[PDB]
Amino acid sequence: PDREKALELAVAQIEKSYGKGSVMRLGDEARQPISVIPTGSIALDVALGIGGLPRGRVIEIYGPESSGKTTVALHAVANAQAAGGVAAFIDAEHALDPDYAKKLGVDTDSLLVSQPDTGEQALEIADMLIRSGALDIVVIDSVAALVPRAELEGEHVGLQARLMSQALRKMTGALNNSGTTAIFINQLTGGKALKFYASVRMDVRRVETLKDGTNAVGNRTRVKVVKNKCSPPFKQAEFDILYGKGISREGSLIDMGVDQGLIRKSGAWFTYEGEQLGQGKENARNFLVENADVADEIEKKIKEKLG
């Protein structure tokens, strides 16, 4: 009785003293922003609570090599562009495949790219772009590769950590004011600092390879939102990344649809409102890409049932 009031107080003073999202019950409904960058999987967008990535914030996406972490970020880039935004890609891996990026939906032509010489240059260039106020998103690929100038020049170990800590302090304020999202891709360095400056942290893994008739048409991907200052954390989603196509938006609509009851199962058949989507997931997936209207209708309904 008198308990709940004092707790309401404690929480309010906490949010007041350290920002909204400094504490929350895991069963809470997220505080929903107006603009947000969708990820490409509605399932992941739901996992993130707020229907996508937050603006003006630091995001980390980490995983092993061949996990999908980069793919996820490229969709972030693509959706940001699709809403008339401007994207940058600070690159210290030299790994990007623009053809893949296009098929996925990236306007590579408009994509700003820098291939910096040093870790500090990478972050400084990134900061200059952020401070312009013209960017909707900037991706840093990747943390591990951000070698410090002293180490590249020959010359004080644990410097990477000092570099990042310094840079992220300055970068955090710039992002908040610009409304620009910074995504830092990270391999399994200066990830110690990024762990705490980041508003969202996503652990990305590939779990099993999707079997075609006889060959492999991509693989099933699992993402755990390990840190989330924007909505109850620890949520996780799965979705399909398809060889040379990207994240199966339609596949994820089907998954979240059945999970949400909007799509029932007449055995193998997937049914929507008494109409049949397809026999087995591959047909149901196909049907929804052939029919944008029904896919959009489902995506519309899933969101309505949630936020």
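Residue numbers 5 to 159, 164 to 196, 211 to 251, 692 to 769, in the UniProt record's numbering, belong to the letters of the sequence shown in order. The beta-carbon is built from N, C-alpha and C at its ideal position, and this holds for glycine as well.
(message) Spatial neighbours of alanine 215 within its chain, please: C-beta separation below 8 angstroms, excluding the five flanking residues on both sides.
(response) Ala169, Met172, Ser173 and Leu176
(message) What would DSSP say about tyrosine 734, mapped onto helix, strand or coil?
(response) strand
(message) Please list the terminal residues of the continuous beta strand (DSSP E) segment that includes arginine 244.
(response) In the DSSP assignment, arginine 244 falls within the beta strand (DSSP E) that extends over 238-250.
(request) Return the chain-ordered list of same chain residues with a C-beta closer than 7 angstroms to the C-beta of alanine 47, the five sequence neighbours on each side being excluded. (result) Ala699, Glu700, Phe701, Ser714, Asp717 and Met718
(message) Going residue by residue through the stretch 57-120, where are the continuous alpha helix (DSSP H) segments of at least 4 residues, counting only ones entirely within it?
(response) Those alpha helix (DSSP H) runs which fall completely within the stretch 57-120 and span 4+ residues are 73-86 and 102-108.
(request) Below 7 angstroms CB to CB, which residues in the same chain sit around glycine 706 once its five sequence neighbours on both sides are set aside? (result) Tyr104 and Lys107
(message) Just to check my reading of the structure: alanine 149 and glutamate 69 have Cβ atoms closer than 8 angstroms, yes? What is that Cβ distance to the nearest angstrom?
(response) The Cβ separation is near 13 angstroms, so there is no contact.
(request) Let me know the secondary structure DSSP gives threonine 189 once reduced to three states. (result) strand
(message) Output needed for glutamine 722: all residues of its chain with C-beta closer than 7 angstroms, excluding positions within five of it in sequence on either side, in chain order.
(response) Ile764 and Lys767
(request) Select from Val50, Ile41, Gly60 and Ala87 the residue whose C-alpha is nearest the C-alpha of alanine 77. (result) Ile41
(message) If the criterion is Cβ atoms closer than 8 angstroms, does the pair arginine 244 and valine 229 meet it?
(response) yes
(request) Give the single residue among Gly181, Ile94 and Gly55 whose Cα lies nearest to the Cα of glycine 123. (result) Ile94
(message) Going by the DSSP bridge assignment, what does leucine 704 pair with across the sheet?
(response) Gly708
(message) Taking the alpha-carbon of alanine 51 as reference, which of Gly109, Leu116 and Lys246 has the nearest alpha-carbon?
(response) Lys246
(message) Only counting the same chain, and skipping five residues up and downstream in sequence, which positions put a Cβ closer than 7 angstroms to that of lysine 24?
(response) Counting only Cβ-Cβ distances below 7 angstroms, and skipping sequence neighbours, we find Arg35.
(request) May I have the straight-line CA-CA distance separating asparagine 185 from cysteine 692, to the nearest angstrom? (result) C-alpha separation (whole angstroms): 17 angstroms.
(message) Cutting at 8 angstroms between CB atoms, please list the residues of its own chain near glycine 31, excluding the five before and the five after it.
(response) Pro694
(message) Please list the terminal residues of the continuous alpha helix (DSSP H) segment that includes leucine 13.
(response) 6-22
(message) Judging by CA-CA distance, which residue of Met28, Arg227, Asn250 and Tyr22 is the nearest neighbour of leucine 196?
(response) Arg227
(request) Helix, strand or coil for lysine 765, going by three-state DSSP, please let me know. (result) helix
(request) Indicate the three-state DSSP secondary structure (helix, strand or coil) for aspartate 140 in the structure shown. (result) In the structure shown, the three-state DSSP call for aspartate 140 is coil.
(request) Figure out for me which residue from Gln741, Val165 and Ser26 has the closest Cα to the Cα of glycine 212. (result) Minimum Cα distance to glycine 212 is reached at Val165.
(message) With DSSP as the reference, identify every bridge partner of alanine 699, one or two as the case may be.
(response) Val245
(message) Distance check for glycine 60 and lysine 249, CA to CA, integer angstroms please.
(response) 16 angstroms
(message) Assuming contact is defined by CB atoms lying nearer than 8 angstroms, are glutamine 85 and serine 39 in contact in what I supplied?
(response) no
(request) Give me whichever residues DSSP pairs with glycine 740 in a beta bridge. (result) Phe732
(request) Find out if the Cβ-Cβ distance for the pair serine 118, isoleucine 134 is shorter than 8 angstroms. (result) Contact: no.
(message) Can you find the residues in the same chain that come closer than 8 angstroms, C-beta to C-beta, to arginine 29, ignoring five residues on each side of it along the sequence?
(response) These residues qualify, in order along the chain: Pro694.
(message) Between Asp225, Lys233, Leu739 and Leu232, which has its C-alpha nearest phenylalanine 696's C-alpha?
(response) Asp225
(request) Quick one: using the 10 Å Cβ neighbour count with 16 as the cut-off for buried, is residue 163 buried or exposed? (result) Between 159 and 164, the chain has no modelled residues, which means residue 163 does not appear in the coordinates.
(request) Alpha carbon to alpha carbon, how far is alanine 16 from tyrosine 22? Give it in angstroms, no decimals. (result) Cα to Cα, the separation comes out at about 10 angstroms.
(request) Go through its chain and collect everything with a Cβ distance to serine 136's Cβ below 8 angstroms, but skip five positions before and after it. (result) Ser186
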